[PDB]
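I have placed the structure first, in the form of structure tokens, so that the comments after it can refer back to it.
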Amino acid sequence: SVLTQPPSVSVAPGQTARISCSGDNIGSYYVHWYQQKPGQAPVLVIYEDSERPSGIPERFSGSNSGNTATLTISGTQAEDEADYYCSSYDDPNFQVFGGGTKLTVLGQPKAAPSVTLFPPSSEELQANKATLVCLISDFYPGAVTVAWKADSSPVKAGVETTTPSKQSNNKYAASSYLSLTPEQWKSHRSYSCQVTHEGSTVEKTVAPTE
Amino acid sequence: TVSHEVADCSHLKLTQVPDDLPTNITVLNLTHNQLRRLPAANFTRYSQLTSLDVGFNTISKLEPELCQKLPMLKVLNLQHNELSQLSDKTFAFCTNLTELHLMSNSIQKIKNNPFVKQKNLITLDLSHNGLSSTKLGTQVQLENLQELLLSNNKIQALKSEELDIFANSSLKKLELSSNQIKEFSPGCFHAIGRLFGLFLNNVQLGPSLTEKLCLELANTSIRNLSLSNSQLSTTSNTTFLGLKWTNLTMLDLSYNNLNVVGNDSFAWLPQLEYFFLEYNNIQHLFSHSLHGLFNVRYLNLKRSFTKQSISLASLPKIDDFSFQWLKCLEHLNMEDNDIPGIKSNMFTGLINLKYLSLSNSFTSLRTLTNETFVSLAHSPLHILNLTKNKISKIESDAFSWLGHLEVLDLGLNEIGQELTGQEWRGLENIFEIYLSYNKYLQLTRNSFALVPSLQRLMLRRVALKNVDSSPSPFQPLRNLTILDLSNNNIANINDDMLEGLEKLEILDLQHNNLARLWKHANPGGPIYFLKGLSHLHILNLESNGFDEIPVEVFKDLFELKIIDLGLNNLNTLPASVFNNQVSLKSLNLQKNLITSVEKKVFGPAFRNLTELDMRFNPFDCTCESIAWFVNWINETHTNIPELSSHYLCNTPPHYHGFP
Amino acid sequence: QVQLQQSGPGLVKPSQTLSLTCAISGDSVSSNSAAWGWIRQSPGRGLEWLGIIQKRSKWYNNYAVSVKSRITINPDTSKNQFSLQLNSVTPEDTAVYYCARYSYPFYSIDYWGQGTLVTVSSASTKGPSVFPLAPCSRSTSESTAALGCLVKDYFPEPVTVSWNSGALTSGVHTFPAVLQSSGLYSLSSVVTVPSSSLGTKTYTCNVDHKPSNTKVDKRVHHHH
Amino acid sequence: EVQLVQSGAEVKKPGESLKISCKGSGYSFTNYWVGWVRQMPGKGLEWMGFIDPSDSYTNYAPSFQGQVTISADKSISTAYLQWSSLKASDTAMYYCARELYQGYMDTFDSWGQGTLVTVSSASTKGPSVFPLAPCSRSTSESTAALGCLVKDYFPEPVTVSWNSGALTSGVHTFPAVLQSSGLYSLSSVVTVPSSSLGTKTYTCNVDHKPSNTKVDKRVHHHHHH
Amino acid sequence: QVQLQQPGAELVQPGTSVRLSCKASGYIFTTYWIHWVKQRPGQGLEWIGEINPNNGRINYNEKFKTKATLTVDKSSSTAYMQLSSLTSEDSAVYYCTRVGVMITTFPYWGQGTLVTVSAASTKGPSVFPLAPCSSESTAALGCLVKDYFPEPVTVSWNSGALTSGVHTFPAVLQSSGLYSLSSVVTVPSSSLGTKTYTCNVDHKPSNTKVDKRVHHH
Amino acid sequence: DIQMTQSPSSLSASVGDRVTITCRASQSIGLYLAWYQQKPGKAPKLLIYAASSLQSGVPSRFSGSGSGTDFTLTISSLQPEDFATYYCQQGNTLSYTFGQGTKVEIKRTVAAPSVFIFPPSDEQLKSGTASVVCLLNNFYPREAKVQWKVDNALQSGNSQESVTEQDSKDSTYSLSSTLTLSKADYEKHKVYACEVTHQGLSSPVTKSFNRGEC
Amino acid sequence: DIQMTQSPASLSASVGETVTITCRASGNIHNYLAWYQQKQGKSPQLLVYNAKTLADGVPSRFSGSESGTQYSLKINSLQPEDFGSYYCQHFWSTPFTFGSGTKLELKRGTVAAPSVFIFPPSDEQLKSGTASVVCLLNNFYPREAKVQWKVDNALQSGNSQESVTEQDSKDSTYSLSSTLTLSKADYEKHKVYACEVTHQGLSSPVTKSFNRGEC
Ligand SMILES: *[C@@H]1O[C@H](CO)[C@@H](O[C@@H]2O[C@H](CO)[C@@H](O[C@@H]3O[C@H](CO)[C@@H](O)[C@H](O)[C@@H]3O)[C@H](O)[C@H]2NC(C)=O)[C@H](O)[C@H]1NC(C)=O
Ligand SMILES: *[C@@H]1O[C@H](CO)[C@@H](O)[C@H](O)[C@H]1NC(C)=O
Ligand SMILES: *[C@@H]1O[C@H](CO)[C@@H](O)[C@H](O)[C@H]1NC(C)=O
Ligand SMILES: *[C@@H]1O[C@H](CO)[C@@H](O)[C@H](O)[C@H]1NC(C)=O
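Residue numbers (this note's numbering), protein chains in the order written: chain A, 1443 to 1652; chain B, 917 to 1575; chain C, 174 to 397; chain D, 87 to 311; chain E, 670 to 886; chain F, 4 to 217; chain G, 14 to 228.
This is how it looks when you write it as structure tokens:
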């Protein structure tokens, strides 16, 4: 039996979150719901479609009837944003999962991008190579646009940047790296990292003279 | 719609569950109805039930919630339904079950673990379905299960990985009858934790496959084995080889059309105690056929040997000393066979034999000589059954070898002879002798002289000659307690016939011609043969054509409890004829020609009666004939069956047909 | 408690044999009321079932139709573990592998392994380049100061970063690695510490890279 | 063959002594019991009793008790049934049969041909044959019927033939009815199409064995009387 | 303990009839039948017949069918047999017997009654002492019973005290028609004058009872 | 004192049919029951003994069943010579008793009678007594209402009817009714008629002759 | 009437020997037999019944065998107290016939000479006019003994009568009484009265005598 889950389901903070699992006569089987946060191992939140494992909050309740198995979270908090999978063993296939549902907690308060700019190390200069490290943390939403400036003239040649990913506090983070030569690092008077977030810009700056 | 605290709503054509049933019921029976579903709600009211029987319905599926509504449910019967699909929820919440019946549900396959939460289940029945496998789960459950029934299915093979789920289970019975099995996987029986009884009845096996089965039963805990109707044509010393490593006690090989039983066939069964071989086609029972069965206690050989071919002269042969190995054999059932006769050393060896049934065991055992039962010389036989054997003559000193014999049944034969008394010589422990249904018996004075310890004597329909002898043939029978002389149509009896039988309690004399002896016009006077019978309890005098009763015939019958004078031509009874019957409890006078019932006769009789039977009588409905009788009827505590329906008056014609 | 410790090679070349091992503690491999197995999650949030093993009389195992005749899950009562073997691996067999404990009766997983990452690339596994990270001139009245470490040009992922060999915990943030245009990975891991203990407390970073067998400890020196 | 042969029919007066015989042949006579059965004309079979030829042991049914005497001679192998005083109600057919003990019950395999004992107050008398013919002009249908009336005779039987036995089918010899007087009356007819007047000769031949009387009679209707 | 008791002997006149009694004791008289047996001295026995104490049923021997007549007194528990038309061929001993649990047995017998058909008139016996004229170790005393009729006579010694060493001779019949008997006893000499010796002679038909002490010792 | 009652008393059956005769006992007679066949005028014949056993020489179409108080004789395929009177007997008591019997008759459709009335011959009138003879030829069923009529007046008491067994061909009966009257009473009247009321006729047929005119 | 032919009629056996008495039946009486032992002057005691069964109390030395119509009473190792008369009987059919009987006598008890005594008539008998002298032979063996009276050396004839008791149970010795009866005149006719005993137990014919008026 092919288990079909909705791709993404979003809900306001403090509201009821409901995830469906559709299958042919799935009401005949004991469904199981796993919760998984990116970078971590999936943890069981629902077994036998209605029972909560020891250590699982009572906010999580489940039902199974007809063609639908529904997971329900009342009092949705910030810590509940993750992936959710429904599962059932059935035939000798012994475990069937679903497409996976992405629970989205709605707009939490906007945060200011904590930007930290690290200059190339001493040993790195001793190894004839340079790399400026722009590190951004604690910001919402995750959509940011980073640009690298040399003094006042931007330089985009040799620029790497990550895709924004969620942290443990449901705020986003991203990294940026600028590969340069020691000569060009000792050339320009000042190096600046500019981060664009929601229109507002947060900038950092370091100089060769030190 | 009835209630004994157990509600029985069987055969009521209910399309929906009754909602008016009391809350005191613990058992509900809804067999043979038209229930489509069994909603949990409709049972919320009945939360004290312990047994539910909804067999013979049209139930398609079950609601899991229902199992929650009956927390005290022990027995669940869902036999004969449309329940073809089972799930993991269906029986999930019924953890308090002990019995589960699921027969005739057309179940083609059991999926995952519908029985994983039935850890209190004892008997699981899945008979008459389309199961092609014995697998019922993907894990080990049903630890407390004792009886598993997968009979009458399409199971063709027993595999290890399908049966090991009962590794922590202790099975006393594995019913796999009526299954066309053709292969036993290696280690499929050892996969079971405890197997005590296996049932492969009606299973087409054969000698080779049976040998394989016994091989796979080796080193197991098997105790009972059933291979009835398994079409086991022949047996060899290799067939039951594996059973050497078993403590098997009961074996059933009946109805196998067993033709030839090879030598040392069952030598590998030194622990066997009960052997069932009834209904077979054994042509020749060899010597070592029953070699090493010294612990066998019960042996059933009813119709085990081939019938007479008449034309081909194919009579079943039994070698001498064929039973000498069954030293502990106690009960022998050889009835209904076509054995030529009892050889000189047929039963030689059975030193513990206590019961021997030879009813119709022989083609024609027409003459019993003193050498016939010589093979039972050293046997402690207590009960011997020789009925239906076409015996025509019992020679002198024929039962000399059976000193410990107690019960001898010689009825149902052609026995026509004079009882010289020498027939019973040697019988010093004799208790009862059956002679009923025979040709003729010419009695003498010394017929039963050699057996004064006889207590029951049955001479029902045997034609007694010289029963009118002056010294009674029954005279030496002092301890005789029961005497049957019915259906012999005896026309003459002397008063001294029952003299000397003071301990006689039960006397059957129905269906004879004794009327002439109780008429006053009888030359010499009426015959009072019931004098002195102080310990007489039950008397039967029906069907004798009695029309007169002398006043002092029952004068000495003080302990007489039951009296049957039915089916006679009685009408006028003398006064005070039952005056001495103080222990009378049952009086029978049905199918007579009685018209009047007065106090001067039936007075002392109706005193302490507990049973009165005067059904078919042409009662005279006048005051002087029925007043006292009706007056007694209306106030009596005596149980009078069919009083309103079969008690009609004839005269006068005004009351003709009136109760 | 029931702990599951996974292990195995970080890189497996194409057409070779993927090997993994799940060790169990606080529970026995050969016991009832407990099945075991393997489950992989492909990059892209696709949760996929691989196989199960369980003991009733003998050891019975069941695999997916996807893995066909490539997977092999064999338990070992000796060392109280159970292994995983995937033969003839294609680049799409690269996933995050988790060993799972199935609880009876209904196979819900109360216990997962921490997970291990295997990669099919036929690459050469380049060693990491660890460099210290600190503000070149830190002289402030603020009570906070951030310092970290930079891991440059390594393959393949992942790489565990520690501080004071596991002593320093709070304040540590390890940034998600980046896939450079060169195809190599780059990662930075920082920590915020009080400015009053900049010169009175030492801060060293540990860098462990599994497939390259590289454990390098580097100290971040505070510029006074 | 196992054969039982009884004596011929008997015709006697009420109060006279009688003794009928039953002789067995082909088998050992003293091996099997011999039973007697009375059947009155029209009624069913009745059980009288049985005897053992060897010791002459007799057992009677309660009704026939003392109403008859069953004897037997071992030499001639012949069981006799006798009455000291015949009555009117004893007018019946008497069978004797051999008792075979099979299936653990007595059954009668071989029987005697039966002895008819007719008891009434009358003597032997020859029959009276009168021709039966319809009116002269009254017959013109399809087939006609000529007959013979045998009246006032005693005792039975009377054998009726037509044309010395030549005329077979088409005839009807009716059962004799007992008149109030005590003489039997029999009718015997036959049907022929148009050969009634003067075509063929139809002469009925009546034979009465007891009174030694044999009478032939032509059937014809005289126009003047 | 079951006993049937009959009188000693009876003398009768030829042609008359005599009633013999048989009293039953130790059991219920009506239980078992009573049988009779005739036996001539030195000859064989003959079974007369058997009789039922209850109804009085009688099975006779075909020879004794006209000679013997059996009767039974139920109240006094006694079986009687009347013998009529008496000749000298009926002069014999008559026993009455009974059966046991095994009816083919005659376990219980009466001491029998000696019937004598001879008339001759009963005469009493004459008792005389017998002692030697004499010296040795063993002396012998005796009593002589001479001239009596009919048999028998009973001779005891010292009221049943003297038993051992006593020989009472059988009776012989003289030509005078009277029987003659003698009895003796041998005793040690040392007890000659120390012990009393008196013989007790008892004759039933003549009703004569004499005590004769032997002297000359 | 066992009373054997059979049923039915008489039945009509076509040749080839499967026939069943029932036999009841007053009280249980076990398996000791015997079926005897009796041909009219001939000695009986033993068909079955021990209720279910087949006597040697008896046709295989004959079977017997039942126990206790209920028994049944069954003929598989009826034969033309299987039409007789069947009796049952019990052997549980030495006082044997038979049933009243079951008469087996040939089943056919209705057949109208051929009526012929015969006047007293002169030879008979010469003696001083007359007997008019009404003849009914080949009819079915046996039940016939024969009524004489001297000068159109119903007679009673002086008529004697005799019926033969079923014919060897058409299986039909024939009735002979004799009316006896003295010669004086014969010459006293004129119209002598024979009336026959049957089920094979919608209206009764009357065959008449006038005294002297015949 | 079924008869019983018993053989023999006389037997002589020593102590410890085995004896057998035979009975023949004129017709079949089956095993219904009865053997009785009778001592002279008493009631017959039931030894054997049904030919082979011993009565209660009867010594184990008594036994019985059946063969055809022949029924045999067998005594193994005879004891000195097992001697007398023996009769047989059938109980099958009325009337009951007995056997002729078999008289059993003891042999051995090696010859013991008679203790001869003689008793003279009393005066009270001499008052009766009839005198009688009694000669006694106390405890002897065998039976054959010849007593001859002598009155003044004149052999008497007919005036003497012999009376012999049955065998003693223990010592197996007989006793003979010879009575001499004579009228008072014939008694007082002579003087010397004597009795002579010829016996195998005696060396020479011992004669015991006495004179009239002496005592
Ligand atoms: C007929 O029935 C009676 C009564 O049942 C039987 O009498 C019984 O027989 C037994 C065995 O002989 C006797 O038992 C005795 O017990 C006493 C006291 O313990 C003992 O001293 C004896 O040795 C003897 O064993 C007794 O007579 C009696 N017992 C009873 C239960 O009352 C009689 O045996 C039967 N007759 C026949 C022929 O079987
Ligand atoms: C159960 O009860 C409901 C009402 O609550 C009724 O409608 C239904 O018919 C019942 N179900 C059956 C079929 O027993
Ligand atoms: C249960 O209900 C029945 C019927 O109303 C009532 O009579 C009874 O008292 C209750 N319980 C019992 C069995 O006592
Ligand atoms: C084994 O089978 C026998 C067959 O007679 C049965 O009686 C018994 O109950 C079974 N098991 C036991 C308890 O011995």
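The beta carbon of each residue, even a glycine, is placed where N, CA and C say it ideally should be.
Can you check whether the CB of residue j is closer than 8 Å to the CB of residue i?
{"i": "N1028(B)", "j": "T1006(B)", "result": "no"}
{"i": "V970(B)", "j": "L954(B)", "result": "yes"}
{"i": "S1530(A)", "j": "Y1471(A)", "result": "yes"}
{"i": "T100(F)", "j": "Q6(F)", "result": "yes"}
{"i": "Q995(B)", "j": "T974(B)", "result": "no"}
Tell me the DSSP bridge mates of residue i?
{"i": "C234(D)", "result": "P217(D) and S274(D)"}
{"i": "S849(E)", "result": "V841(E)"}
{"i": "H1247(B)", "result": "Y1214(B) and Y1271(B)"}
{"i": "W716(E)", "result": "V706(E)"}
Quick one: grab the DSSP three-state call for residue i.
{"i": "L1079(B)", "result": "helix"}
{"i": "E190(F)", "result": "helix"}
{"i": "residue 316(G)", "result": "Absent from the structure is residue 316(G), since the part of chain G shown begins at 14 and ends at 228."}
{"i": "residue 611(E)", "result": "For chain E, the structure presents residues 670 to 886; residue 611(E) sits outside this window and is missing."}
{"i": "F1518(B)", "result": "helix"}
{"i": "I1108(B)", "result": "coil"}
Using a Cβ-Cβ cut-off of 8 Å, state whether residue i counts as contacting chain J.
{"i": "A1379(B)", "result": "Included in the structure are the protein chains A, B, C, D, E, F and G, with no chain J among them."}
Buried or exposed for residue i, please, with buried defined as at least 16 other CB atoms from any protein chain shown within 10 angstroms of its CB.
{"i": "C148(G)", "result": "buried"}
{"i": "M191(D)", "result": "buried"}
{"i": "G1641(A)", "result": "exposed"}
Would you check whether ligand 5 has a heavy atom nearer than 7 Å to the C-beta of residue i?
{"i": "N1140(B)", "result": "The model on display carries ligand 1, ligand 2, ligand 3 and ligand 4 but not ligand 5."}
- At what residue ranges does the region 249-323 of chain C contain a whole run of the alpha helix (DSSP H), taking only runs of 4 or more? none
- Could you give the uninterrupted runs of the beta strand (DSSP E) lying entirely in the region 1335-1385 of chain B, keeping only those of 3 residues or more? Runs found: 1348-1350 and 1372-1374.
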